[PDB]
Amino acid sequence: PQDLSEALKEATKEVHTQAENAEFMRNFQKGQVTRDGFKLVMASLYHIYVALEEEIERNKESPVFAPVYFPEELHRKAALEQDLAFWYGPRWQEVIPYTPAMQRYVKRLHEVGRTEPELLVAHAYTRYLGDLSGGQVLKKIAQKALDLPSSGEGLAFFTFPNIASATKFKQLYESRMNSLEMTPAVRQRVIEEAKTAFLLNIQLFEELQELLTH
């Protein structure tokens, strides 16, 4: 494939379907999701985005990332902080779980962000773009199966307020990725890192499913 974005999308088709097939994600799609299962996914997201956005801020000016740096449009941490306060309460920071599978994901993120900056774009792509184009469908489901009250909170994560049009921003971000110059070596590694990203989510889904079936 010519474009890195077109290359990524095609190289991760397999793992993505694999992601959709995961037991946890299947039940989620089959409208089957519990408050406890949803809390774990939000807790996970908070840990993942904290680490990811921590590393993006460290490589904000680097030529290997600057092109896809859109902090106001994409930051999710603040939104998740708001959400976890609703799901876990005022003391959420003390009680939210931080599991081994979440730590594995968080660890690879810090590693790439500290010793392989040129691969960070692979994680920002997988997370941000994935949650943006598939966000609505994923939220639509959850909010029905959750039948939560109407306190006006708990799902801020699924809404990117600083993005007027998801499609127009998607194409813009892709454009910026395709503008990134890299050796075929690096490019191949970025492609790999994206596949790796999907595997870190899949094993995470496996673990969460395990924790909820005792």
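Throughout, we count residues from 1 along the sequence that is shown.
- Here the stretch with the larger average CA B-factor, out of 151-159 and 168-176, is 168-176.
- Across the two stretches, 134-142 and 86-94, the PDB entry reports the greater mean Cα temperature factor for 134-142.
- Looking at the C-alpha B-factors along this chain, the one for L199 belongs to the middle third.
- Ranked by C-alpha B-factor against the other modelled residues of its chain, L208 falls in the lowest third.
- Annotation for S44: CA B-factor lies in the lowest third of the chain's modelled residues.
- For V186, the recorded CA temperature factor ranks within the highest third of the chain's modelled residues.
- Ranked by C-alpha B-factor against the other modelled residues of its chain, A51 falls in the lowest third.
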